[PDB]
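In: structure of the sequence below:
(one chain, ligands or ions: 11)
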Amino acid sequence: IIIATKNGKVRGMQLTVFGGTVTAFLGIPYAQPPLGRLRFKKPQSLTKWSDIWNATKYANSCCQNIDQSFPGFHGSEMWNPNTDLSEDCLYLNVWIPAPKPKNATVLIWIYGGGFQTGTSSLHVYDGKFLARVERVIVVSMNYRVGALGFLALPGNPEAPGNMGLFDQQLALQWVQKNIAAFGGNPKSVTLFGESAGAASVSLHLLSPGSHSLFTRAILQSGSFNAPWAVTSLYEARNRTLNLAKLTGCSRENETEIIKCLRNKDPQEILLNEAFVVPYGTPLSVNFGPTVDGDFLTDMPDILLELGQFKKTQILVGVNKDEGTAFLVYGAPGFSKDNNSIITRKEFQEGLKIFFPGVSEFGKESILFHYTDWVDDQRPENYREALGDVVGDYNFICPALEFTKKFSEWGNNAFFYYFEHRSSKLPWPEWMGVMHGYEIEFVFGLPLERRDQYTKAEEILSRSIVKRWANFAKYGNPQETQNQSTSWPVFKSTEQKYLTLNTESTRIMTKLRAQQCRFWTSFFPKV
Ligand SMILES: *[C@@H]1O[C@H](CO[C@@H]2O[C@@H](C)[C@@H](O)[C@@H](O)[C@@H]2O)[C@@H](O[C@@H]2O[C@H](CO)[C@@H](O)[C@H](O)[C@H]2NC(C)=O)[C@H](O)[C@H]1NC(C)=O
Ligand SMILES: *[C@@H]1O[C@H](CO[C@@H]2O[C@@H](C)[C@@H](O)[C@@H](O)[C@@H]2O)[C@@H](O[C@@H]2O[C@H](CO)[C@@H](O)[C@H](O)[C@H]2NC(C)=O)[C@H](O)[C@H]1NC(C)=O
Ligand SMILES: *[C@@H]1O[C@H](CO[C@@H]2O[C@@H](C)[C@@H](O)[C@@H](O)[C@@H]2O)[C@@H](O)[C@H](O)[C@H]1NC(C)=O
Ligand SMILES: *[C@@H]1O[C@H](CO[C@@H]2O[C@@H](C)[C@@H](O)[C@@H](O)[C@@H]2O)[C@@H](O)[C@H](O)[C@H]1NC(C)=O
Ligand SMILES: [O-]/[N+](=C\c1ccc2cccc(O)c2n1)Cc1ccccc1
Ligand SMILES: [O-]/[N+](=C\c1ccc2cccc(O)c2n1)Cc1ccccc1
Ligand SMILES: *[C@@H]1O[C@H](CO)[C@@H](O)[C@H](O)[C@H]1NC(C)=O
Ligand SMILES: *[C@@H]1O[C@H](CO)[C@@H](O)[C@H](O)[C@H]1NC(C)=O
Ligand SMILES: [Cl-]
Ligand SMILES: [Cl-]
Ligand SMILES: [Cl-]
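Out: Numbering: from 1, shown residues only. Ligands and ions are numbered 1, 2, ... in the order given. Below, you will see the structure:
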């Protein structure tokens, strides 16, 4: 019940899972709270404590704006924070099997949310099932988001940028120094994350200072070469200054600006973040990772191109309908409460929404590539096209390209295509296999027979949980006992990937080949 860590004793709590027991340590601090003069700075190391820290409840989530578009709707509200917001939020969680393992592979989850939302306490991030079923230790951490976590005056230590990434890195360090006390193997640590979490993982592969803090990596629906994932130093400054103006904090001393933003209450900073950009999109990441020269020494697309990353195995994948969710946060004619049949006209307006600073030619080129129909009289033609445009540009093609480029340096890569729509999915059917709705399967929620999943979903989750754990433990995401499809390595020539569904698991080649040539070879010129 009580574990000695290098900063003090922490008391956990016991959980009944599937007629077994898991020990949960919820809300262990891993940094000095970034308050007062510490706001915007890199996380500071923790001063020891002499008591028994009671790590029995999730801690505060980090300050963040909340999605209020669909009040009372579980489909959107399941992602909103479920603990008090506070700047005091640098805490982490540990689930360890009972009885205490001896040298367990460690899984470290990094949540997504566009670098502006998210929290490790979400129901769908509960590591108790993975600990019970696979005897891995699961660790998750809160990290600062938004301007509080990514405001950047590059070079300036009062706000160097990438603080949220250093939050995560400091947590990986805590696991290196402390997880053997919990029965974990610090030499067998697999990072996994979804969306901005997955982009973060991919950046830890690139950041020299994280190379000794983990073994292997899993990237779900996200990678750093996604167009929303890195802010340029131009944008990052223009956005910092705009925030200064919106808060009456413009100064000439760049340091005095920060000093002024440090006296602002968190709500005022939060309220102004949306407007630092002239034209946002539903995919806007106004404050995110930048080339700071510390966590990131060069523009990441160059490091990836020239093999400057940790050499190891990766497991990468995407969902069938990553794009659809964003279409009801601003695309015209769209709604979660109807079939969202849209006209050609509405499709073109939608592109203006999703590609606001893109020229008329570029937008026409997106239209051209996605509107050569198999049947021009199918009315969902344009609704589906816009979802795929957003999905292919923002998630699927960057992840495939990351996997091609990373595998070209000799490392084993595994790619999956998740195409199961949860039987409990509260969004409408036209949105399909949405962004984020593989997470419950990865965490083994369908293993709980009491929670209204089909038996088919329990079998799919159980297989996915095995492949993930085998990947973490052995670098190979196979299910070796139940006559399962073998998951082949991804190679830049053949480009084989594994489809994950309840019906049949299949091996296919060259996912979204035509679409991604447009997005990765032509569209970056416009
Ligand atoms: C860089 O910043 C300027 C300033 O942004 C404006 O003011 C901020 C405080 C905030 O409220 C933003 O929403 C504002 O747009 C941007 O310049 C503006 O650009 C728009 C259209 O591009 C124009 O209509 C405004 O008049 C401009 N205002 C000023 C003061 O110049 C600029 O677009 C930003 N981005 C880039 C890439 O330079
Ligand atoms: C699907 O609904 C959208 C959204 O409209 C809102 O939500 C509906 C469920 C309903 O409660 C409406 O009263 C709401 O206004 C519709 O988009 C609207 O379309 C009308 C006419 O085309 C237009 O006046 C509005 O500006 C549109 N609102 C937008 C674009 O945000 C859409 O037409 C509906 N489509 C189908 C096929 O039913
Ligand atoms: C930390 O917890 C100690 C033991 O708490 C015991 O177990 C928990 C689960 C509760 O059921 C509680 O009622 C029990 O007493 C406390 O003795 C101690 O005071 C706590 N420390 C702080 C700082 O709150
Ligand atoms: C725990 O294991 C250490 C070696 O780790 C090995 O390599 C990593 C990459 C994983 O694949 C893991 O499964 C392997 O066991 C030992 O050096 C260490 O002494 C062990 N500690 C124990 C047994 O308490
Ligand atoms: O983008 N926003 C919401 C969003 C995006 C993607 C999703 C994918 C799956 C399910 C969802 O509920 C999703 N919700 C709005 C919003 C943006 C930034 C801060 C606060 C709020
Ligand atoms: O708000 N949520 C997601 C969100 C918001 C804004 C984004 C902007 C750019 C890129 C993104 O991936 C974004 N994702 C909720 C949510 C969290 C995790 C999984 C599913 C849904
Ligand atoms: C003002 O800027 C100078 C450098 O231009 C810096 O050394 C100084 O610390 C700033 N003022 C304060 C009060 O920190
Ligand atoms: C393998 O099949 C058995 C039933 O024959 C099932 O109980 C078990 O959960 C399966 N294991 C995996 C990893 O899917
Ligand atoms: Cl498809
Ligand atoms: Cl082929
Ligand atoms: Cl082309």
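In: close to ligand 1: what parts of the stretch 101-250 of the chain are there?
Out: Where proximity means CB under 6 Å from any ligand atom, the interface of the stretch 101-250 of the chain facing ligand 1 comprises 238, 242, 245, 246. Backbone N, C-alpha and C define where each C-beta goes, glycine included.
In: elements contacting whichever strand or helix holds the third one?
Out: If I follow you right, that is residue 245. For residue 245, the element it lies in under DSSP states H and E is helix 233-246. When contacts are defined as 3 or more CB pairs under 8 Å, 6 or more residues apart in numbering; DSSP states H and E, helix 233-246 sits against helix 254-262, helix 266-272.
In: which one of these lies closest to ligand 11?
Out: Between ligand 11 and those, the shortest separation by CB to the ion is 40.3 Å, and it involves helix 266-272.
In: thought residue 320 was touching residue 431?
Out: No. Look at residue 320 against residue 431 with CB atoms under 8 Å: they stay out of range, at 10.5 Å.
In: most packed of the helices and strands packed on helix 233-246?
Out: Per-stretch averages of neighbours, counted by mean count of other CB atoms under 10 Å, single out helix 254-262 among those, with a mean of 18.
In: quick check: the residue of the stretch 1-150 of the chain nearest ligand 1.
Out: The shortest separation between the stretch 1-150 of the chain and ligand 1 is 13.7 Å, found at residue 147 (distances taken as CB to the nearest ligand atom).
In: roughly how far apart are the closest residue to that residue other than its chain neighbours and ligand 2?
Out: With CB to CB, 6 or more residues apart in numbering as the measure, residue 287 is the residue that lies nearest to residue 147, at 4.5 Å, once sequence neighbours are left out. The gap separating residue 287 from ligand 2 is 27 Å, by CB to the nearest ligand atom, to the nearest Å.
In: got the contact list for residue 287?
Out: Counting by CB atoms under 8 Å, 6 or more residues apart in numbering, residue 287 touches 115-116, 146-147, 149-152, 231, 236, 239, 273, 276.
In: what's the distance between it and residue 329?
Out: As for residue 287, its distance to residue 329 is 18 Å (criterion: CB to CB, to the nearest Å).
In: go on, residue 526?
Out: If you go by CB to CB, the gap between residue 526 and residue 329 works out to 24 Å.
In: just residue 294 next, same as before
Out: Residue 294 sits 33 Å away from residue 329 when distances are taken as CB to CB.
In: residues contacting whichever residue of the stretch 51-200 of the chain sits closest to ligand 11?
Out: Scanning the stretch 51-200 of the chain for proximity to ligand 11 using CB to the ion identifies residue 199 as nearest, at 25.9 Å. For residue 199, the residues meeting the contact criterion (CB under 8 Å, 6+ apart) are 112, 115, 193, 219, 222, 223, 224, 226, 229, 289.
In: please apply the same query to residue 139.
Out: When contacts are taken as CB under 8 Å, 6+ apart, residue 139 is in contact with 92, 93, 94, 106, 107, 108, 109, 127, 171, 175, 179.
In: what's across from the nearest residue to it once chain neighbours are set aside in the sheet?
Out: For residue 139, ignoring the flanking residues on the chain, the nearest one in space by CB to CB, 6+ apart is residue 108 at 4.7 Å. In this entry, residue 108 is beta-bridged to residue 139, residue 191, by DSSP bridges.
In: so residue 108 touches residue 192, yeah?
Out: Yes. In this structure residue 108 lies within contact range of residue 192 using CB under 8 Å: 7.1 Å.
In: who's more crowded, the two?
Out: Set side by side, residue 108 and residue 192 give different neighbour counts by other CB atoms under 10 Å, the larger being at residue 108 (28 against 22).
In: from residue 193, how far off is that one?
Out: Residue 108 sits 8 Å away from residue 193, taking CB to CB as the criterion.
In: now find how far off-centre the longest helix seen in the chain is within its chain.
Out: Secondary structure assigned by DSSP state H gives helix 455-474 as the longest helix of the chain. How far helix 455-474 lies from its chain's middle: 20 Å, per CA atoms, centre = their mean, to the nearest Å.
In: tell me the secondary structure at residue 415.
Out: Here residue 415 is recorded as strand under DSSP: H, G, I helix; E, B strand; the rest coil.
In: quickly find the element holding the residue lying closest to it once chain neighbours are set aside.
Out: With CB to CB, 6+ apart as the measure, residue 497 is the residue that lies nearest to residue 415, at 4.0 Å, once sequence neighbours are left out. Counting by DSSP H and E, the element that carries residue 497 is strand 496-500.
In: which other helices and strands does that strand contact?
Out: By contact count (3+ CB pairs under 8 Å, 6+ apart), the secondary structure elements abutting strand 496-500 are strand 413-418, strand 507-509.
In: pairing partners for it, with directions?
Out: strand 413-418 (parallel), strand 507-509 (antiparallel).
In: picking up where we left off before, just put the helices and strands packed on helix 233-246 in a markdown table and tack on distance to ligand 8.
Out: What follows is the helices and strands packed on helix 233-246, written out as a markdown table (distance: least, CB to the nearest ligand atom, whole Å):
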| stretch | distance to ligand 8 |
| --- | --- |
| helix 254-262 | 51 |
| helix 266-272 | 44 |
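In: out of the ones you listed, which is closest to ligand 3?
Out: Nearest of these to ligand 3, taken as CB to the nearest ligand atom: helix 266-272 at 25.9 Å.
In: contacting residues around the most centrally placed residue in the chain?
Out: What sits nearest the mean C-alpha location of the chain, by CA atoms, centre = their mean, is residue 197, with 2.4 Å. By CB under 8 Å, 6+ apart, the residues touching residue 197 are 109, 110, 111, 112, 113, 118, 220, 222.
In: ok, now with 10 Å
Out: Contact partners of residue 197, counting by CB atoms under 10 Å, 6 or more residues apart in numbering, are 109-113, 115, 118, 120, 125, 140, 143, 168, 191, 218-222, 439.
In: got it, and residue 169?
Out: With contacts defined as CB under 10 Å, 6+ apart, residue 169 is in contact with 42-43, 143, 162, 200, 203-204, 207, 209-210, 213-214, 295.
In: thinking again about what came up before, packing partners for the longest helix of the chain?
Out: strand 104-110, helix 128-134, strand 184-194, strand 216-220, strand 314-319, strand 413-418, helix 439-442, strand 496-500 (3 or more CB pairs under 10 Å, 6 or more residues apart in numbering; DSSP states H and E).
In: quick one: the first one to chain centroid distance?
Out: Which is strand 104-110. Mean C-alpha position of strand 104-110 versus that of the full chain (CA atoms, centre = their mean) differs by 15 Å.
In: same question, the longest one
Out: In terms of CA atoms, centre = their mean, the centre of strand 184-194 is found 16 Å from the chain centre.
In: related to what we said a few turns ago, which of the strands paired with strand 496-500 is buried the deepest?
Out: By mean neighbour count, with neighbours taken as mean count of other CB under 10 Å, strand 413-418 ranks first of the strands paired with strand 496-500 at a mean of 23.
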